Amino acid sequence: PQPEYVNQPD
Amino acid sequence: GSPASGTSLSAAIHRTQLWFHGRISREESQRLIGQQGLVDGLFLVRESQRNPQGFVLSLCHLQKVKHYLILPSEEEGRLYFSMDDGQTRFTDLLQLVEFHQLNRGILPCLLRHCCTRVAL
């Protein structure tokens, strides 16, 4: 979508 | 939403050899911690000073490193996180300790892990 992170882009 | 505030701050309360950190540019983090040539077992525990309720478990796979941060110790459970395609938003610490031998390390690789090679 836009962010990055993990589990989800956050 | 969530991401709205936050500018420039610094906080690192440690009294031992703790391997916990706050806001570390995960993007640039893999540039530094992704220099280790070990297996998908070199993990770290830091998150963000931007995400009020944000904790991430960082890995060191044999290609790169990652950051799993989405949900911390909530009142609906405990450590609420997983992976790029997982759903383990439950306990961690206690599980990590014992399961350290055979837990859910990185997505589809060496799930086994120990520590990281940066500070000590």
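Read-outs: derived from the displayed coordinates by stated rules, not from any lab. Methodologically, a virtual Cβ is constructed for each residue, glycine included, from the backbone with ideal geometry; neighbour enumeration extends over all protein chains shown.
Below are the figures for this structure:
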{"item": "Percentage relative contact order, the stretch B:36-120, counting C-alpha pairs under 8 Å, at least six apart", "result": "29"}
{"item": "Mean shadow area of chain B over all directions, Cα convex hull, nm²", "result": "8.2"}
{"item": "Computed FRET value (nearest 0.05) for B:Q95 with B:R50, which takes r as the C-beta separation and R₀ as 25 Å", "result": "0.40"}
{"item": "DSSP-assigned coil residues among chymotrypsin sites (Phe, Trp or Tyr not before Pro) in the stretch B:55-120, each with at most 13 further Cβ atoms within 10 Å", "result": "B:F90"}
{"item": "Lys, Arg +1 and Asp, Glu -1 on Cβ, resulting dipole of chain B about Cα centre, debye, nearest 20", "result": "380"}
{"item": "Trypsin sites (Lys or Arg not before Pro) restricted to the stretch B:1-66 and DSSP loop, no more than 15 other C-beta within 10 Å", "result": "B:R15, B:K64"}
{"item": "Sequence-distant residues sharing a close amide H with B:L44 (under 5 Å, placed H)", "result": "B:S58, B:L59"}
{"item": "In the stretch B:1-87, GluC sites (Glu not before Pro) in a DSSP loop with at most 10 other beta-carbon atoms within 10 Å", "result": "B:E75, B:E76"}
{"item": "Under Karplus coefficients 6.51, -1.76 and 1.60, residue-wise ³J(HN,Hα) of the stretch B:102-110 in Hz, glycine/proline x", "result": "9, 9, 9, x, 9, 2, x, 8, 2"}
{"item": "Karplus-derived 3J(HN,Hα), 6.51/-1.76/1.60, for each residue of the stretch B:26-43, Hz, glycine and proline x", "result": "3, 4, 7, 4, 5, 6, 8, 5, x, 9, 5, x, 7, 7, 5, x, 9, 10"}
{"item": "Gained length - B:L120 relative to B:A4, 0.36 nm times residue gap less alpha-carbon distance", "result": "38.3 nm"}
